Structure formats: structure tokens, C-alpha cells
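Protein chains in written order, with the deposited numbering: chain A, 594 to 840; chain B, 693 to 840; chain C, 1138 to 1235.
Below you can see the structure in the form of C-alpha cells.
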């Protein structure tokens, strides 16, 4: 009786800890081997959830990068377009066409092509010296000549076609710009579209948070099981003393 | 095309780097309205595919860059890219380097998997011991008590 | 604890009450219930205090975004909320900067 009594409290605390740990799970444990397979299932769920979480995070990061790219000063290639714009007494072409209608925006964007984002500089000789210096700039920088406040439409070999525009960029060379959707020009409702991107990313962030919480919960369950087994295995699944002591 | 001038050719061509050498230009205009899946800024040039004459540019070479009079009141500045569209030569050594990195990752994964296998085996041995010899584990020798 | 003498139980209870003193400093109703609970001739008050804890812990659940009636199971939901609010804080900081 005294030996069983001495053994008792350890066994009782072990039983209570094990019952709490198992009930926290949907399963009830019955063996050390069974605990090991539960650990294996925990590892499987963890290695899965982490992959989904990372995939969602990559999608998320792409979404915020896209949202930022449309931010300032007027959503464009502002990484270097900024310095390229204020360093010279010019104005962004996209900003110049900032207020164009959503309907004329695609037409003008197709008409202007890769030069939509160009910078208006009436001289073209201010950039002539600095050209050699420019090593950190978009692989294709675009500049146009005219009055930034009242620039006259760039003369083009344009040829409008159904929802598109052909153009002769140089002798024997044509660029065919199909009417884009949600264009560069007309950057007033494009702010509304980056708001729509924020709305879209809201659900992505919600799902990422759920996945991260699941990962944390699985990690904490695994750590609790580890601590358990550290303190617990010696008496796990052993016979009940209380009944023996009463008998 | 040579690796040396390939970045130069890419910088000179710009977005027109990706283009089709159609010496007629007559199959496009009727089909132009018929092109919908084509890239939005489709680029087409007139030249002989057998001997494509050098494309027309008013090109000035700056240090690792170029300036081209793309059109009236339009001067375009470009820099030299890497892995240019021209002179690909299949760039097979880049594929090989990527394969080397992937194979190194696979080898590392194999080694880690083997280590995990060994650790699992040791765990199962420990579990087996504690399942069958835990009760008498570390306890004293009964032979002395028996002799006493 | 069924196999531990009363003196050690008194000692653990004393330590726990000392901790509760600091823990419940802010609250007034829980503090008053605790201040009542130490009379040794009214044991049920102690039990009541526990109820008063859980009860209180339930009303302040802010069930608008939480559901678990048991506060012990709401720690996960608060952790979820902290993670979500950290994300929202990052977004807000970026927006303010721009």
C-alpha cells in the first residue's frame, strides 16, 4: 500500500496531463507507439501547411508589389522614373494624360506604346550629357520633346483598327498595340483598381493568417507532446494505483 | 549572334527585340483585326528571313547603352541587358548550372532523409526499450539481496 | 494533490493568491471578490471567485470575432487576431508613409 501510494501522485499527474493533451486532439492515445504515429501525422500536417502558407505568401507579396507599383507619384515605373523626371525640367507623360477618360485611355495607351511612361523634355539636350552616366535606369527609357504643360500630340504613323492601333515605328518596322485593359493613361480610376487590388489581397492575407495560425498551433502541440514525453513516458499507460489501493 | 554584341543588339532593338521578319506586311493588315491572342504590343518588321537586312535605327552608342531616334520627337535610351534575346545559342550552360544547383539540393535532401531515417530507427529502439525494460530500468542488482 | 499534506497545500494557495494580487490589480469587481474570498469560514466564496473569473472572462470575450465560451480555448483566437492585426499594422504603416 505504501509503495503504491508513493507511486500514485506521479501516475495521477501523468494521467491528467495525457488526458488533457489527447482531448485537445480529436484522438485518444493508448500507446507509446501510438504517440509516435501521432507525431508522424503532426509532422505531415506541418510540412503540408507550411507549403500552402509559403505559396499564399508568395502570391501575397506579388500582390503588394503590384499595388505599390501604381502608387506614386502617378503609378508608373517610379523606381527610377522619379529621379529621371525631376532631375530634368519635364513631366511624366502618363501624368500628363492622367485625367483622360477610361474609354480614351486604352486608345491613347495603345497609340503611345512602350513610350506611354516617357518623360516630356522639350530640349532632349539636357539628357544628352547625362546619358553616359545613366547605368541604373529602366532597360528602355523613353523621352519625348515638347512643352510639358501643353505638349502637342506626338506625331505617329498611327492607323486605328478595331480595338487596336497599328503604327510604323521606323522604316520597315511596325508595332501593333492592341487596346489594353485598365491602361497606363487615365490614372484616376487606376487608383480605384489598385484599391480593388487591396480588396483582393485582403482575402489572401486572411488565408495566410489562418495558415500561419494553423502552423503555430501544430508547432505548439508538437512542443507540448515533446515536453510531455520528457516528463511523462515513465508512467504512461500504466495500471491505476487507486483501485489497487482501495482493494 | 555573338555573345558580345547580343546585349548591344537587345539594347538597340528594345521592345522590338521580339519581332517577326515578314517581308510582305500584307498578311498582317487583313489578319490584323483577326489577331486577338497576339501580344498586345505585337512587333512586325519587313525583311528577308533568308537575309534579314539590319533593322533601321538612328543609333548612337553610349557606354553600355544606346540612344535611338525611334520617331519624330521621340529619342529612346536603352541599356545593355544580360541573357539577350539575340545570341541565345540555346544558353545551355545556364540550364546546366540550374541543373547543378537542383542536383545539389536533391543530394542534400537525400542526406537529410538518411539522417532522419537513422534518427527514427534510434527512436524506435528507445521506445522498444522503454516499453519492455523501463519497469526494471536502472534498478539495482538482486543477486546481492538473494545471497544475503 | 490528493496525496499531499495540508501544509504544502496552504503554501501553494498562498503563492497563488500572491500572484492573483498582482494579476487582478486593474479590475475592481474581481479584486473585491478576491478580497472577500480569504475568509476561512466561508469556503464557497473561493469557488464563487473562480466562477466570477470565468464568468467575467466570458463577458470580455468580445464575441463579435470570438465564439469559444471557454476562455482557455480562446487563446488561439486571440493569437489569430494578433497575427491579423500585425498584418493590418504593416499595411497601415505603408499607407501612412505613402
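We treat Cβ as the ideally placed atom computed from N, Cα and C, and that holds for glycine.
Could you pull the start and end residues of the alpha helix (DSSP H) that residue 840 of chain B belongs to?
Segment: none, residue 840 of chain B is in no alpha helix (DSSP H) and carries neither H nor E.
Given a limit of 7 Å on CB to CB distance, which residues of the stretch 796-811 of chain A reach chain C?
798, 802, 805, 806, 809 and 810
Grouping DSSP H, G and I as helix and E and B as strand, with all else coil, what is residue 777 of chain A?
coil
With a 10 Å radius around its C-beta and 16 neighbouring C-beta atoms as the bar for buried, classify residue 723 of chain A as buried or exposed.
exposed
Out of curiosity, what's the CA-to-CA distance linking residue 654 of chain A and residue 738 of chain B?
42 Å
Ends of the alpha helix (DSSP H) at residue 812 of chain A?
782-825
Can you find a C-beta in chain A that's less than 8 Å from the C-beta of residue 725 of chain B?
yes
Near residue 711 of chain B, what residues of its chain come up, given a Cβ to Cβ distance below 8 Å and the 5 sequence neighbours on each side ignored?
Within the same chain, and ignoring the five residues on either side of residue 711 of chain B in sequence, the residues whose Cβ sits closer than 8 Å to its Cβ are 705, 735, 736 and 737.
Where does residue 1149 of chain C land, buried or exposed, given buried means 16+ other C-beta within 10 angstroms?
exposed
Run through the DSSP bridge pairs and tell me what residue 1200 of chain C is partnered with.
Looking at the DSSP assignment, residue 1200 of chain C forms no beta bridge with any residue, so it has no partner.
Check for me: the beta strand (DSSP E) holding residue 758 of chain B runs from which residue to which?
757-763
Listing by chain order, which chain B residues have their CB less than 7 Å from the CB of residue 615 of chain A?
At a C-beta separation below 7 Å, residue 615 of chain A has no neighbours in chain B, since its nearest C-beta there lies roughly 18 Å away.
Using DSSP with H/G/I as helix, E/B as strand and the rest coil, what is residue 738 of chain B?
Here residue 738 of chain B carries a coil assignment [DSSP, helix/strand/coil].
Could you tell me the boundaries of the beta strand (DSSP E) in which residue 754 of chain B lies?
751-754
Any beta carbon of chain B sitting closer than 8 Å to that of residue 764 of chain A?
Yes - at least one Cβ of chain B is within 8 Å of the one on residue 764 of chain A.
Could you tell me if residue 696 of chain B is buried or exposed, where buried requires 16 or more neighbouring beta carbons within 10 angstroms of its beta carbon?
Note on residue 696 of chain B: under 16 other CB atoms within 10 angstroms of its CB, so exposed under the neighbour-count rule.
Beta-carbon gap between residue 1203 of chain C and residue 1185 of chain C smaller than 8 Å
no
Verify the CB distance criterion: does residue 775 of chain B have a CB-CB separation below 8 Å to chain A?
no
I'd like to know whether the C-beta of residue 629 of chain A is nearer than 8 Å to at least one C-beta of chain C.
no
For residue 720 of chain B, which residues of its own chain have a beta-carbon under 7 Å away from its beta-carbon, when the five flanking residues on both sides are left out?
714 and 736
Please state whether the Cβ-Cβ distance between residue 765 of chain B and residue 748 of chain A is less than 8 Å.
Judged by beta-carbon spacing, residue 748 of chain A lies within the 8 Å limit of residue 765 of chain B, meaning their Cβ atoms are closer than that value.
Chain B contact for residue 558 of chain A (CB, 8 Å cutoff):
The structure shown has nothing for residue 558 of chain A, since chain A only spans 594 to 840.
Name the chain A residues whose beta carbon is nearer than 8 Å to that of residue 1221 of chain C?
Per Cβ cutoff of 8 Å: 798, 799 and 802.
For a contact meaning CB atoms closer than 7 Å, what does residue 732 of chain B contact in chain A?
770, 771 and 773
Taking 8 Å as the cut-off, decide whether the C-beta atoms of residue 656 of chain A and residue 797 of chain A are in contact.
yes
For residue 770 of chain B, the residue or residues it bridges with in DSSP
Its beta-bridge partners are A:733 and B:758.
Rounded distance between the beta-carbons of residue 757 of chain B and residue 703 of chain B, thought under 8 Å:
6 Å
From this set, B:816, B:770 and B:837, which residue's C-alpha is nearest residue 539 of chain A's C-alpha?
With chain A covering 594 to 840 only, the question about residue 539 of chain A has no answer from this structure.
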